[PDB]
>>> print(open('start19.cif').read())   # mmCIF, C-alpha atoms; chains and numbers go by the auth columns
data_target
loop_
_atom_site.group_PDB
_atom_site.id
_atom_site.type_symbol
_atom_site.label_atom_id
_atom_site.label_comp_id
_atom_site.label_asym_id
_atom_site.label_seq_id
_atom_site.Cartn_x
_atom_site.Cartn_y
_atom_site.Cartn_z
_atom_site.B_iso_or_equiv
_atom_site.auth_seq_id
_atom_site.auth_asym_id
ATOM 1 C CA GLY A 1 -28.064 -12.916 28.512 0.00 4 A
ATOM 2 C CA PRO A 2 -26.055 -12.117 31.686 0.00 5 A
ATOM 3 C CA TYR A 3 -27.000 -8.784 33.365 0.00 6 A
ATOM 4 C CA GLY A 4 -23.655 -7.171 32.420 0.00 7 A
ATOM 5 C CA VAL A 5 -24.415 -7.680 28.668 0.00 8 A
ATOM 6 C CA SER A 6 -27.736 -5.817 28.933 0.00 9 A
ATOM 7 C CA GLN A 7 -26.110 -3.161 31.179 0.00 10 A
ATOM 8 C CA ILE A 8 -23.595 -2.248 28.411 0.00 11 A
ATOM 9 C CA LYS A 9 -26.505 -2.160 25.928 0.00 12 A
ATOM 10 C CA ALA A 10 -25.198 -5.021 23.794 0.00 13 A
ATOM 11 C CA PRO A 11 -28.563 -6.766 23.043 0.00 14 A
ATOM 12 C CA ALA A 12 -29.690 -3.646 21.055 0.00 15 A
ATOM 13 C CA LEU A 13 -26.840 -4.387 18.598 0.00 16 A
ATOM 14 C CA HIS A 14 -27.624 -8.143 18.549 0.00 17 A
ATOM 15 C CA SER A 15 -31.209 -7.390 17.616 0.00 18 A
ATOM 16 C CA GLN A 16 -29.956 -5.355 14.605 0.00 19 A
ATOM 17 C CA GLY A 17 -27.712 -8.215 13.449 0.00 20 A
ATOM 18 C CA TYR A 18 -24.486 -6.819 14.838 0.00 21 A
ATOM 19 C CA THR A 19 -22.886 -9.633 16.807 0.00 22 A
ATOM 20 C CA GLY A 20 -19.233 -9.108 16.092 0.00 23 A
ATOM 21 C CA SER A 21 -18.984 -11.424 13.041 0.00 24 A
ATOM 22 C CA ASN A 22 -15.579 -11.575 11.246 0.00 25 A
ATOM 23 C CA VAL A 23 -14.044 -9.793 14.255 0.00 26 A
ATOM 24 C CA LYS A 24 -10.904 -11.432 15.563 0.00 27 A
ATOM 25 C CA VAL A 25 -10.641 -11.248 19.303 0.00 28 A
ATOM 26 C CA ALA A 26 -7.578 -12.320 21.204 0.00 29 A
ATOM 27 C CA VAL A 27 -8.211 -13.453 24.773 0.00 30 A
ATOM 28 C CA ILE A 28 -4.664 -13.227 26.224 0.00 31 A
ATOM 29 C CA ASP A 29 -5.272 -15.283 29.302 0.00 32 A
ATOM 30 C CA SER A 30 -5.102 -18.817 30.798 0.00 33 A
ATOM 31 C CA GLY A 31 -6.321 -20.403 27.523 0.00 34 A
ATOM 32 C CA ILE A 32 -9.864 -21.226 26.643 0.00 35 A
ATOM 33 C CA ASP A 33 -11.625 -24.503 27.048 0.00 36 A
ATOM 34 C CA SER A 34 -12.490 -25.102 23.442 0.00 37 A
ATOM 35 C CA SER A 35 -14.508 -28.238 24.494 0.00 38 A
ATOM 36 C CA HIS A 36 -17.165 -25.979 26.083 0.00 39 A
ATOM 37 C CA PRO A 37 -20.334 -26.337 24.112 0.00 40 A
ATOM 38 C CA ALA A 38 -21.151 -22.587 24.684 0.00 41 A
ATOM 39 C CA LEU A 39 -17.751 -21.638 23.189 0.00 42 A
ATOM 40 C CA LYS A 40 -16.448 -21.472 19.686 0.00 43 A
ATOM 41 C CA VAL A 41 -12.668 -20.989 19.483 0.00 44 A
ATOM 42 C CA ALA A 42 -11.133 -20.092 16.126 0.00 45 A
ATOM 43 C CA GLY A 43 -7.517 -20.507 16.951 0.00 46 A
ATOM 44 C CA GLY A 44 -4.805 -19.356 19.130 0.00 47 A
ATOM 45 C CA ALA A 45 -1.496 -20.264 20.589 0.00 48 A
ATOM 46 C CA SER A 46 0.249 -21.028 23.831 0.00 49 A
ATOM 47 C CA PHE A 47 3.288 -19.228 25.157 0.00 50 A
ATOM 48 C CA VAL A 48 3.308 -21.039 28.529 0.00 51 A
ATOM 49 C CA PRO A 49 6.294 -23.413 28.266 0.00 52 A
ATOM 50 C CA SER A 50 4.678 -26.209 30.240 0.00 53 A
ATOM 51 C CA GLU A 51 1.137 -25.869 28.925 0.00 54 A
ATOM 52 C CA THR A 52 1.411 -26.200 25.188 0.00 55 A
ATOM 53 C CA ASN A 53 -2.238 -26.443 24.424 0.00 56 A
ATOM 54 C CA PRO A 54 -4.065 -23.124 24.306 0.00 57 A
ATOM 55 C CA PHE A 55 -7.387 -25.026 24.219 0.00 58 A
ATOM 56 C CA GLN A 56 -6.884 -26.373 27.701 0.00 59 A
ATOM 57 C CA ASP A 57 -7.713 -24.007 30.484 0.00 60 A
ATOM 58 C CA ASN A 58 -6.232 -25.299 33.693 0.00 61 A
ATOM 59 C CA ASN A 59 -7.213 -22.208 35.603 0.00 62 A
ATOM 60 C CA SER A 60 -10.759 -21.211 34.492 0.00 63 A
ATOM 61 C CA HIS A 61 -9.858 -17.508 34.070 0.00 64 A
ATOM 62 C CA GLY A 62 -9.365 -17.566 30.263 0.00 65 A
ATOM 63 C CA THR A 63 -12.605 -19.591 29.711 0.00 66 A
ATOM 64 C CA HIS A 64 -14.657 -17.204 31.835 0.00 67 A
ATOM 65 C CA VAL A 65 -13.212 -14.049 30.112 0.00 68 A
ATOM 66 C CA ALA A 66 -13.803 -15.776 26.701 0.00 69 A
ATOM 67 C CA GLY A 67 -17.345 -16.436 27.658 0.00 70 A
ATOM 68 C CA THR A 68 -17.939 -12.786 28.491 0.00 71 A
ATOM 69 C CA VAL A 69 -16.504 -11.734 25.019 0.00 72 A
ATOM 70 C CA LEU A 70 -18.827 -14.155 23.284 0.00 73 A
ATOM 71 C CA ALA A 71 -21.750 -13.147 25.461 0.00 74 A
ATOM 72 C CA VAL A 72 -21.273 -9.535 24.218 0.00 84 A
ATOM 73 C CA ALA A 73 -20.189 -10.420 20.643 0.00 85 A
ATOM 74 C CA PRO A 74 -21.610 -13.909 19.938 0.00 86 A
ATOM 75 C CA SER A 75 -20.247 -14.001 16.414 0.00 87 A
ATOM 76 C CA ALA A 76 -16.683 -12.953 17.093 0.00 88 A
ATOM 77 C CA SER A 77 -13.759 -15.147 16.195 0.00 89 A
ATOM 78 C CA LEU A 78 -12.220 -16.024 19.512 0.00 90 A
ATOM 79 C CA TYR A 79 -8.615 -16.729 19.875 0.00 91 A
ATOM 80 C CA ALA A 80 -7.088 -18.428 22.867 0.00 92 A
ATOM 81 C CA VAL A 81 -3.739 -16.736 23.488 0.00 93 A
ATOM 82 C CA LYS A 82 -2.417 -18.754 26.341 0.00 94 A
ATOM 83 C CA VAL A 83 0.020 -16.783 28.409 0.00 95 A
ATOM 84 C CA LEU A 84 -0.994 -17.761 31.978 0.00 96 A
ATOM 85 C CA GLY A 85 -0.444 -21.243 33.453 0.00 97 A
ATOM 86 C CA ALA A 86 -2.890 -23.137 35.734 0.00 98 A
ATOM 87 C CA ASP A 87 -2.028 -20.901 38.711 0.00 99 A
ATOM 88 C CA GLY A 88 -3.157 -17.791 36.760 0.00 100 A
ATOM 89 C CA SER A 89 0.397 -16.416 36.826 0.00 101 A
ATOM 90 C CA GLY A 90 2.461 -15.748 33.758 0.00 102 A
ATOM 91 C CA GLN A 91 5.908 -14.376 33.021 0.00 103 A
ATOM 92 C CA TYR A 92 6.062 -11.040 31.154 0.00 104 A
ATOM 93 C CA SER A 93 7.871 -12.578 28.209 0.00 105 A
ATOM 94 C CA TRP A 94 4.932 -15.038 27.649 0.00 106 A
ATOM 95 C CA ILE A 95 2.403 -12.184 27.984 0.00 107 A
ATOM 96 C CA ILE A 96 4.424 -10.073 25.405 0.00 108 A
ATOM 97 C CA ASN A 97 4.943 -13.123 23.159 0.00 109 A
ATOM 98 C CA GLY A 98 1.157 -13.366 23.136 0.00 110 A
ATOM 99 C CA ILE A 99 0.622 -9.673 22.227 0.00 111 A
ATOM 100 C CA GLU A 100 3.303 -10.126 19.435 0.00 112 A
ATOM 101 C CA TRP A 101 1.368 -13.145 18.212 0.00 113 A
ATOM 102 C CA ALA A 102 -1.932 -11.215 18.296 0.00 114 A
ATOM 103 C CA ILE A 103 -0.448 -8.449 16.065 0.00 115 A
ATOM 104 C CA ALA A 104 1.120 -10.954 13.581 0.00 116 A
ATOM 105 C CA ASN A 105 -2.063 -12.949 13.364 0.00 117 A
ATOM 106 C CA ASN A 106 -4.182 -9.887 12.643 0.00 118 A
ATOM 107 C CA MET A 107 -6.310 -9.770 15.767 0.00 119 A
ATOM 108 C CA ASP A 108 -8.789 -6.880 15.698 0.00 120 A
ATOM 109 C CA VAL A 109 -9.150 -6.804 19.479 0.00 121 A
ATOM 110 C CA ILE A 110 -6.881 -7.784 22.232 0.00 122 A
ATOM 111 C CA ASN A 111 -8.340 -8.457 25.627 0.00 123 A
ATOM 112 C CA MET A 112 -5.923 -8.515 28.568 0.00 124 A
ATOM 113 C CA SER A 113 -7.759 -9.422 31.838 0.00 125 A
ATOM 114 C CA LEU A 114 -4.382 -9.416 33.463 0.00 126 A
ATOM 115 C CA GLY A 115 -2.332 -6.707 35.155 0.00 127 A
ATOM 116 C CA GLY A 116 1.041 -6.377 36.807 0.00 128 A
ATOM 117 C CA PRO A 117 2.347 -3.696 39.128 0.00 129 A
ATOM 118 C CA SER A 118 5.262 -2.733 36.899 0.00 130 A
ATOM 119 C CA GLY A 119 5.674 -2.113 33.228 0.00 131 A
ATOM 120 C CA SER A 120 8.527 -2.826 30.916 0.00 132 A
ATOM 121 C CA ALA A 121 9.753 -1.105 27.777 0.00 133 A
ATOM 122 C CA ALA A 122 8.996 -4.485 26.006 0.00 134 A
ATOM 123 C CA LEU A 123 5.401 -4.426 27.375 0.00 135 A
ATOM 124 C CA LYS A 124 4.836 -0.834 26.270 0.00 136 A
ATOM 125 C CA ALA A 125 6.423 -1.541 22.869 0.00 137 A
ATOM 126 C CA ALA A 126 4.157 -4.587 22.236 0.00 138 A
ATOM 127 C CA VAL A 127 0.973 -2.628 23.275 0.00 139 A
ATOM 128 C CA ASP A 128 2.101 0.401 21.265 0.00 140 A
ATOM 129 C CA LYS A 129 2.790 -1.626 18.178 0.00 141 A
ATOM 130 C CA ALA A 130 -0.575 -3.381 18.356 0.00 142 A
ATOM 131 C CA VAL A 131 -2.308 0.053 18.577 0.00 143 A
ATOM 132 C CA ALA A 132 -0.047 1.362 15.769 0.00 144 A
ATOM 133 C CA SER A 133 -0.966 -1.764 13.823 0.00 145 A
ATOM 134 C CA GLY A 134 -4.709 -0.961 14.206 0.00 146 A
ATOM 135 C CA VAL A 135 -5.600 -3.322 17.061 0.00 147 A
ATOM 136 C CA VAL A 136 -8.061 -2.295 19.761 0.00 148 A
ATOM 137 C CA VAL A 137 -6.160 -3.117 23.005 0.00 149 A
ATOM 138 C CA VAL A 138 -8.339 -3.627 26.041 0.00 150 A
ATOM 139 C CA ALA A 139 -7.009 -4.472 29.541 0.00 151 A
ATOM 140 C CA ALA A 140 -8.398 -4.662 33.101 0.00 152 A
ATOM 141 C CA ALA A 141 -7.495 -1.585 35.240 0.00 153 A
ATOM 142 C CA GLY A 142 -6.539 -3.839 38.173 0.00 154 A
ATOM 143 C CA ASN A 143 -8.021 -4.935 41.452 0.00 155 A
ATOM 144 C CA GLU A 144 -6.152 -2.623 43.680 0.00 156 A
ATOM 145 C CA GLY A 145 -8.846 -0.356 44.930 0.00 157 A
ATOM 146 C CA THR A 146 -7.886 3.019 46.378 0.00 158 A
ATOM 147 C CA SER A 147 -4.402 3.957 47.587 0.00 159 A
ATOM 148 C CA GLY A 148 -4.408 7.448 49.116 0.00 160 A
ATOM 149 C CA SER A 149 -4.227 9.742 46.069 0.00 161 A
ATOM 150 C CA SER A 150 -2.132 7.435 43.886 0.00 162 A
ATOM 151 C CA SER A 151 -2.972 5.636 40.725 0.00 163 A
ATOM 152 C CA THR A 152 -3.596 1.869 41.276 0.00 164 A
ATOM 153 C CA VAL A 153 -4.041 1.038 37.582 0.00 165 A
ATOM 154 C CA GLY A 154 -1.847 -1.812 36.669 0.00 166 A
ATOM 155 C CA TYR A 155 0.038 -2.556 33.511 0.00 167 A
ATOM 156 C CA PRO A 156 -0.700 -2.827 30.677 0.00 168 A
ATOM 157 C CA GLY A 157 -3.778 -0.859 31.632 0.00 169 A
ATOM 158 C CA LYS A 158 -1.670 2.140 32.723 0.00 170 A
ATOM 159 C CA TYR A 159 -0.380 2.830 29.169 0.00 171 A
ATOM 160 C CA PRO A 160 -2.144 5.505 27.224 0.00 172 A
ATOM 161 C CA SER A 161 -2.583 3.183 24.238 0.00 173 A
ATOM 162 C CA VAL A 162 -4.516 0.651 26.249 0.00 174 A
ATOM 163 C CA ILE A 163 -8.112 1.006 27.173 0.00 175 A
ATOM 164 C CA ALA A 164 -8.103 0.489 30.990 0.00 176 A
ATOM 165 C CA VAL A 165 -11.382 -0.894 32.217 0.00 177 A
ATOM 166 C CA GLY A 166 -12.615 -0.581 35.773 0.00 178 A
ATOM 167 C CA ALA A 167 -15.532 -2.535 37.343 0.00 179 A
ATOM 168 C CA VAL A 168 -18.944 -1.445 38.333 0.00 180 A
ATOM 169 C CA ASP A 169 -21.663 -3.652 39.859 0.00 181 A
ATOM 170 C CA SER A 170 -25.197 -3.853 38.516 0.00 182 A
ATOM 171 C CA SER A 171 -26.168 -0.572 40.313 0.00 183 A
ATOM 172 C CA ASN A 172 -23.448 1.372 38.322 0.00 184 A
ATOM 173 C CA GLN A 173 -21.495 1.697 41.467 0.00 185 A
ATOM 174 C CA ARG A 174 -17.738 1.303 41.386 0.00 186 A
ATOM 175 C CA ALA A 175 -16.576 -2.004 42.829 0.00 187 A
ATOM 176 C CA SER A 176 -14.453 -1.405 45.909 0.00 188 A
ATOM 177 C CA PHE A 177 -11.627 -3.383 44.405 0.00 189 A
ATOM 178 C CA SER A 178 -11.632 -1.468 41.074 0.00 190 A
ATOM 179 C CA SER A 179 -8.265 0.158 40.487 0.00 191 A
ATOM 180 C CA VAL A 180 -8.372 3.921 40.223 0.00 192 A
ATOM 181 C CA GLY A 181 -6.248 6.649 38.639 0.00 193 A
ATOM 182 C CA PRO A 182 -6.115 9.003 35.732 0.00 194 A
ATOM 183 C CA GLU A 183 -5.349 6.119 33.363 0.00 195 A
ATOM 184 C CA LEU A 184 -8.808 4.622 33.984 0.00 196 A
ATOM 185 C CA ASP A 185 -10.795 4.818 30.783 0.00 197 A
ATOM 186 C CA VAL A 186 -14.092 3.132 31.019 0.00 198 A
ATOM 187 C CA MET A 187 -16.172 1.057 33.372 0.00 199 A
ATOM 188 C CA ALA A 188 -17.821 -2.280 32.525 0.00 200 A
ATOM 189 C CA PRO A 189 -19.759 -4.718 34.802 0.00 201 A
ATOM 190 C CA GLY A 190 -17.302 -6.696 36.891 0.00 202 A
ATOM 191 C CA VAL A 191 -18.967 -8.005 40.024 0.00 203 A
ATOM 192 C CA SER A 192 -20.449 -11.528 40.012 0.00 204 A
ATOM 193 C CA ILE A 193 -20.099 -11.974 36.316 0.00 205 A
ATOM 194 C CA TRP A 194 -21.669 -15.201 35.121 0.00 206 A
ATOM 195 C CA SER A 195 -19.719 -16.928 32.399 0.00 207 A
ATOM 196 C CA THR A 196 -18.353 -20.239 31.079 0.00 208 A
ATOM 197 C CA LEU A 197 -16.027 -22.366 33.159 0.00 209 A
ATOM 198 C CA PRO A 198 -14.017 -25.356 31.780 0.00 210 A
ATOM 199 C CA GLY A 199 -15.762 -28.709 31.709 0.00 211 A
ATOM 200 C CA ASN A 200 -19.158 -27.441 30.483 0.00 212 A
ATOM 201 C CA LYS A 201 -19.772 -25.370 33.597 0.00 213 A
ATOM 202 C CA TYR A 202 -20.801 -21.794 34.385 0.00 214 A
ATOM 203 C CA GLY A 203 -19.935 -19.658 37.340 0.00 215 A
ATOM 204 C CA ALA A 204 -19.507 -16.116 38.470 0.00 216 A
ATOM 205 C CA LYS A 205 -16.253 -14.282 39.051 0.00 217 A
ATOM 206 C CA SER A 206 -15.666 -10.595 40.101 0.00 218 A
ATOM 207 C CA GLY A 207 -12.790 -8.381 39.040 0.00 219 A
ATOM 208 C CA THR A 208 -11.802 -5.733 36.482 0.00 220 A
ATOM 209 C CA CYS A 209 -10.679 -8.867 34.597 0.00 221 A
ATOM 210 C CA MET A 210 -14.416 -9.447 34.239 0.00 222 A
ATOM 211 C CA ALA A 211 -15.231 -5.856 33.130 0.00 223 A
ATOM 212 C CA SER A 212 -12.438 -5.952 30.435 0.00 224 A
ATOM 213 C CA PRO A 213 -14.025 -8.534 28.059 0.00 225 A
ATOM 214 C CA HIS A 214 -17.325 -6.596 28.028 0.00 226 A
ATOM 215 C CA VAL A 215 -15.285 -3.750 26.464 0.00 227 A
ATOM 216 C CA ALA A 216 -13.378 -6.141 24.122 0.00 228 A
ATOM 217 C CA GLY A 217 -16.813 -7.576 23.183 0.00 229 A
ATOM 218 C CA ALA A 218 -18.170 -4.027 22.752 0.00 230 A
ATOM 219 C CA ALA A 219 -15.170 -3.198 20.459 0.00 231 A
ATOM 220 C CA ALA A 220 -15.989 -6.317 18.362 0.00 232 A
ATOM 221 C CA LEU A 221 -19.601 -5.270 17.992 0.00 233 A
ATOM 222 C CA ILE A 222 -18.622 -1.728 16.904 0.00 234 A
ATOM 223 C CA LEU A 223 -16.192 -3.215 14.319 0.00 235 A
ATOM 224 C CA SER A 224 -18.891 -5.535 13.021 0.00 236 A
ATOM 225 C CA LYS A 225 -21.040 -2.436 12.315 0.00 237 A
ATOM 226 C CA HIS A 226 -18.127 -0.196 11.183 0.00 238 A
ATOM 227 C CA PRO A 227 -15.396 -2.366 9.762 0.00 239 A
ATOM 228 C CA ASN A 228 -13.792 0.757 8.196 0.00 240 A
ATOM 229 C CA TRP A 229 -13.291 2.307 11.688 0.00 241 A
ATOM 230 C CA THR A 230 -9.836 2.622 13.015 0.00 242 A
ATOM 231 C CA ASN A 231 -9.046 1.357 16.579 0.00 243 A
ATOM 232 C CA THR A 232 -8.786 5.094 17.451 0.00 244 A
ATOM 233 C CA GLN A 233 -12.373 5.659 16.279 0.00 245 A
ATOM 234 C CA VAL A 234 -13.720 2.595 18.244 0.00 246 A
ATOM 235 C CA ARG A 235 -11.811 3.896 21.261 0.00 247 A
ATOM 236 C CA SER A 236 -13.185 7.427 21.026 0.00 248 A
ATOM 237 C CA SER A 237 -16.735 6.199 20.349 0.00 249 A
ATOM 238 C CA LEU A 238 -16.631 3.983 23.486 0.00 250 A
ATOM 239 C CA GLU A 239 -15.182 6.659 25.717 0.00 251 A
ATOM 240 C CA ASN A 240 -17.300 9.512 24.423 0.00 252 A
ATOM 241 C CA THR A 241 -20.660 7.763 24.606 0.00 253 A
ATOM 242 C CA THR A 242 -20.337 6.498 28.182 0.00 254 A
ATOM 243 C CA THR A 243 -22.927 6.906 30.829 0.00 255 A
ATOM 244 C CA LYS A 244 -21.148 9.394 33.095 0.00 256 A
ATOM 245 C CA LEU A 245 -20.738 8.137 36.650 0.00 257 A
ATOM 246 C CA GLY A 246 -18.568 9.840 39.280 0.00 258 A
ATOM 247 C CA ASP A 247 -15.108 11.263 38.978 0.00 259 A
ATOM 248 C CA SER A 248 -12.875 10.061 36.199 0.00 260 A
ATOM 249 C CA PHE A 249 -10.247 8.989 38.735 0.00 261 A
ATOM 250 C CA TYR A 250 -12.736 6.328 39.919 0.00 262 A
ATOM 251 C CA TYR A 251 -15.017 5.821 36.895 0.00 263 A
ATOM 252 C CA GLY A 252 -12.904 6.849 33.871 0.00 264 A
ATOM 253 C CA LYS A 253 -15.360 8.258 31.275 0.00 265 A
ATOM 254 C CA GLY A 254 -18.069 6.164 32.961 0.00 266 A
ATOM 255 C CA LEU A 255 -19.951 3.116 31.780 0.00 267 A
ATOM 256 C CA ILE A 256 -19.662 1.914 28.260 0.00 268 A
ATOM 257 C CA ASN A 257 -22.829 2.148 26.214 0.00 269 A
ATOM 258 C CA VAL A 258 -22.268 0.065 22.998 0.00 270 A
ATOM 259 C CA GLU A 259 -25.601 1.073 21.495 0.00 271 A
ATOM 260 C CA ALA A 260 -24.505 4.763 21.846 0.00 272 A
ATOM 261 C CA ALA A 261 -20.865 3.987 20.792 0.00 273 A
ATOM 262 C CA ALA A 262 -21.963 2.127 17.649 0.00 274 A
ATOM 263 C CA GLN A 263 -23.793 5.050 15.971 0.00 275 A
#
>>> encode(input="start19.cif", output="structure tokens")
Amino acid sequence: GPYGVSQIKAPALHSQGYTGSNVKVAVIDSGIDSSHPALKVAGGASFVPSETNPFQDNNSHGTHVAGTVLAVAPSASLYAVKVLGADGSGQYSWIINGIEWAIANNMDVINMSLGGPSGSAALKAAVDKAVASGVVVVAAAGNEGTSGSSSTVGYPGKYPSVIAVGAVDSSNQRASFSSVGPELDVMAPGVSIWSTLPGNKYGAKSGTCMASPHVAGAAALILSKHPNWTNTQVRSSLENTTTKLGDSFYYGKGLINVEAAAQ
């Protein structure tokens, strides 16, 4: 539908009947507005102390990311894992509570369109465990841009177990804001991404947070075709079938091509 879906080659899978059905996707974000007619939410949970309903998105971020997931994998079972409050901020403990929940609740795919500048042993443990537990863990690389020769990939994106997604525009050009570094895995569209907003609205947002769900969505599609594939297999297929862009420090492996990754 949106340009970014066609750019990742998603509609080729849709046309074959691969739409991410029976795939459990965890959007660990600001919740998802379950009242949106374009959205279907299967479940979830809130870990934000003062915002108990995961189905209420007081920010818009979670709804918008959710919408991008569903746009790529329309049949995926979306779970609102509410870890960010209305301000789009969340404490690490809520974020890790939400990854813990995602593992316990047998989420196939974790999308984290969130990043912090520092890690924790608890953050790496939770990410590691989900991976070890067979979950495809997808996070935005960050919106840090370039910083001399240093890595600007945030956490959890910086951990080897996490797929760190950078943003490209529609021209396959890296977005100036896209965090860079050796931990960058893949690129997805992330500039002016049109998606669902709370209250039956649509709007565009830019950010690696936007590129992340296209990869989560892509992971769901792959799993819908090859349910037998391990998270490691989905990972390798997405990184090895990329359209090669510039240097890996700026583009990772390049742009995801789900049609190529799905074999």
>>> resolve_selection(input="start19.cif", expression="the PyMOL selection byres ((chain A and resi 221) around 9)", output="JSON, numbers by chain")
{"A": [64, 68, 124, 125, 126, 127, 151, 152, 153, 154, 155, 177, 178, 179, 202, 217, 218, 219, 220, 222, 223, 224, 225]}
>>> atom_distance(input="start19.cif", atom1="CA of residue 50 in chain A", atom2="CA of residue 91 in chain A")
13.3 Å
>>> residues_near_point(input="start19.cif", point="(-6.7, 0.7, 19.1)", cutoff="8 Å", atoms="all atoms listed in the file", output="list in words")
residues 121, 142, 143, 144, 146, 147, 148, 149, 173, 174, 242, 243, 244, 246 and 247 of chain A
>>> closest_residue(input="start19.cif", among="A:165, A:187, A:90, A:274", to="residue 239 in chain A", atoms="all atoms listed in the file")
A:274
>>> closest_residue(input="start19.cif", among="A:104, A:263, A:113, A:167", to="residue 198 in chain A", atoms="only C-alpha atoms")
A:263
>>> closest_residue(input="start19.cif", among="A:84, A:175, A:116, A:133", to="residue 197 in chain A", atoms="all atoms listed in the file")
A:175
>>> residues_around(input="start19.cif", residues="residue 206 in chain A", least_positions_apart="3", cutoff="7 Å", atoms="all atoms listed in the file", output="NGL selection string")
:A and (5 or 214-217)
>>> resolve_selection(input="start19.cif", expression="the PyMOL selection byres ((chain A and resi 42-44) around 8)", output="list in words")
residues 35, 36, 37, 38, 39, 40, 41, 45, 46, 69, 70, 73, 89, 90, 91 and 92 of chain A
>>> residues_near_point(input="start19.cif", point="(-22.0, -6.0, 28.1)", cutoff="8 Å", atoms="all atoms listed in the file", output="number ranges by chain")
A: 6-13, 71, 74, 84, 200-201, 226-227, 229-230, 270
>>> closest_residue(input="start19.cif", among="A:97, A:210, A:264, A:258", to="residue 176 in chain A", atoms="only C-alpha atoms")
A:264
>>> decode(input="start19.cif", residues="range 133-145 of chain A", atoms="N, CA and C atoms", output="mmCIF file, in the first residue's frame")
data_model
loop_
_atom_site.group_PDB
_atom_site.id
_atom_site.type_symbol
_atom_site.label_atom_id
_atom_site.label_comp_id
_atom_site.auth_asym_id
_atom_site.auth_seq_id
_atom_site.Cartn_x
_atom_site.Cartn_y
_atom_site.Cartn_z
ATOM 1 N N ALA A 133 22.880 -5.138 31.594
ATOM 2 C CA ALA A 133 22.997 -6.576 31.593
ATOM 3 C C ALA A 133 21.553 -7.198 31.548
ATOM 4 N N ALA A 134 20.569 -6.530 32.174
ATOM 5 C CA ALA A 134 19.173 -7.011 32.157
ATOM 6 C C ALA A 134 18.571 -6.880 30.696
ATOM 7 N N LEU A 135 18.910 -5.796 30.032
ATOM 8 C CA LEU A 135 18.467 -5.586 28.654
ATOM 9 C C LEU A 135 19.076 -6.641 27.727
ATOM 10 N N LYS A 136 20.428 -6.796 27.934
ATOM 11 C CA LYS A 136 21.033 -7.854 27.006
ATOM 12 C C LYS A 136 20.510 -9.242 27.338
ATOM 13 N N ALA A 137 20.321 -9.546 28.596
ATOM 14 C CA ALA A 137 19.785 -10.860 29.004
ATOM 15 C C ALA A 137 18.443 -11.195 28.373
ATOM 16 N N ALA A 138 17.493 -10.182 28.444
ATOM 17 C CA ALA A 138 16.129 -10.278 27.949
ATOM 18 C C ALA A 138 16.132 -10.482 26.413
ATOM 19 N N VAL A 139 16.916 -9.744 25.663
ATOM 20 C CA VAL A 139 17.112 -9.848 24.221
ATOM 21 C C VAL A 139 17.729 -11.219 23.821
ATOM 22 N N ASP A 140 18.786 -11.563 24.617
ATOM 23 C CA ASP A 140 19.452 -12.842 24.423
ATOM 24 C C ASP A 140 18.613 -14.063 24.599
ATOM 25 N N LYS A 141 17.812 -14.015 25.641
ATOM 26 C CA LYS A 141 16.851 -15.050 25.996
ATOM 27 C C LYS A 141 15.779 -15.171 24.951
ATOM 28 N N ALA A 142 15.243 -13.989 24.455
ATOM 29 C CA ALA A 142 14.228 -14.112 23.412
ATOM 30 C C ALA A 142 14.755 -14.817 22.161
ATOM 31 N N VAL A 143 15.982 -14.442 21.761
ATOM 32 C CA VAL A 143 16.714 -15.030 20.616
ATOM 33 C C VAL A 143 16.905 -16.540 20.918
ATOM 34 N N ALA A 144 17.404 -16.788 22.090
ATOM 35 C CA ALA A 144 17.663 -18.221 22.522
ATOM 36 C C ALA A 144 16.417 -19.103 22.526
ATOM 37 N N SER A 145 15.301 -18.429 22.817
ATOM 38 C CA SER A 145 13.944 -18.902 22.863
ATOM 39 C C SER A 145 13.284 -18.903 21.482
#
